[PDB]
Every structure is written in structure tokens, then in C-alpha cells.
Amino acid sequence: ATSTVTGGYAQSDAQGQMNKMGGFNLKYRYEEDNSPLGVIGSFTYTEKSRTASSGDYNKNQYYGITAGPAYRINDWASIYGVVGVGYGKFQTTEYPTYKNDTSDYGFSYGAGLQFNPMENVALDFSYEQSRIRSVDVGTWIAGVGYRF
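Cut-off values and rules
Residues numbered from 1 in each chain as written, not as in the entry; some residues may be left out. Heavy atoms only, no water. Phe/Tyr/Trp six-rings, centres within 6.5 Å; stacked < 30°, edge-to-face > 60°. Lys NZ or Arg CZ within 6 Å of the ring centre and 35° of its normal. Helix = DSSP H or I, 4+ residues; strand = E, 2+ residues; numbered from the N terminus. Polar contact = N/O pair within 3.5 Å; in protein donor to acceptor, adjacent residues only side chain to side chain. Contact = heavy atoms within 4.5 Å. Salt bridge = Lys/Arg side-chain N within 4 Å of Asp/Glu carboxyl O. Buried < 20%, exposed > 50% of the residue type's maximum accessible area, 1.4 Å probe, protein only.

Structure determination for this PDB entry was carried out by solution NMR, as recorded in the header.

**Some details on the packing of aromatic side chains**
Using the criterion set out here, one finds two aromatic pairs in the structure. For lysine 89, the ring lying beneath its charged end belongs to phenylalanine 90, and the centroid distance is 5.9 Å.

**What about the side chain of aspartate 124?**
Among the structural elements, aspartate 124 can be located in strand β9 (residues 123–128). Within the structure, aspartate 124 has its side chain in polar contact with the side chain of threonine 6 (distance 2.6 Å). In this structure the side chain of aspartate 124 is engaged in a polar contact, spanning 2.7 Å, whose partner is the side chain of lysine 27. Beyond its immediate chain neighbours, meaning those up to four positions away, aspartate 124 contacts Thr6, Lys27, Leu113, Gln114, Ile141, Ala142 and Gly143.

**As for the pattern of salt bridges**
In total, this model carries two salt bridges according to the counting rule given. Residue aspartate 124 pairs with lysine 27 through a salt bridge whose shortest N-O separation is 2.7 Å. Here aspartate 124 is found in strand β9, whereas its partner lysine 27 is found in the loop between β3 (23–26) and β4 (38–40), with 97 residues between them in sequence. Taken as a pair, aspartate 124 and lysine 27 share a single burial class, namely buried. Where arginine 133 meets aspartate 101, a salt bridge forms, and the shortest distance between an N and an O atom there is 2.8 Å. Within this pair, whereas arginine 133 is found in the loop between β10 (131–132) and β11 (135–143), its partner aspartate 101 is found in the loop between β7 (79–84) and β8 (108–115), the two being separated by 32 residues in sequence. Judged by relative accessible area, which is 59%, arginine 133 ranks as exposed.

What follows is the structure, given as C-alpha cells:
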């Protein structure tokens, strides 16, 4: 058996919305007891509550639903390119008007890389990019956890 366990942050900042890293990631992987299979799936949830002029809600979230198996290359490595989906949500209006434009899924892809130097250290790294109306966005997850 093994359990990768990880401890890293989730950032998503964009050319018009510097939504600070107010979120984490985690992952889970089983080994199949009958094949060298794995899976990975990160989840991220960032939030930073926004007022401070007079009361203008600038709510959004960034979350990245990541999915796919893990492939057994040769020796001590596993890579898998995966999908992700990274977009804003909620809106900016506050006054009785509504505005509702930027809130509908984009397209992303990532990779699952998963590395183990030690027996209480594991680290893993993914990168995703999205293009929301020509707003350049960056998303990566990195950290350090433990190794079971």
C-alpha cells in the first residue's frame, strides 16, 4: 500500500483580478493491489472577500477539477497529462442593476507529477493555464507533505 499526502497552496492570479492565494490543494492516489495503476485529482478552492470602497461585491472563486489515471512509465517516475477547468464565478454589481458577464467555464489542461524522496516527505507539482477573454491567468500547485 502507499498514500501520498501533500501540503501546498492554491494560487490563481489574472491580468485584471489578482485573486490572492486564499486556498489550498490536496490529492489522493491509491495503488491498485493488482496493477501498477494510480489516479490523481487535485481540488483547489481560493476565496478572498472584497469590499473597502463603499460596498461593491467582487466575489469570485477559482477551483480546478483535475482528473485522470497515473501511468507506469519504466522506473521511478509517473506522469499523466490531465484536464482541468479554471474560471471565475459570482459577479460585481451590488447596486440593484446586475451585470453578469464573466462566469462560464473555460478550458484548461494540467499534468500529474508525483515524487517521493523520503518516508515522511512527498511533493507534487501541477501547472494549469486558462484564457478568460484575453485575461492572462496563471495557476500552479506546489507544497510538501508526508509519505505513507
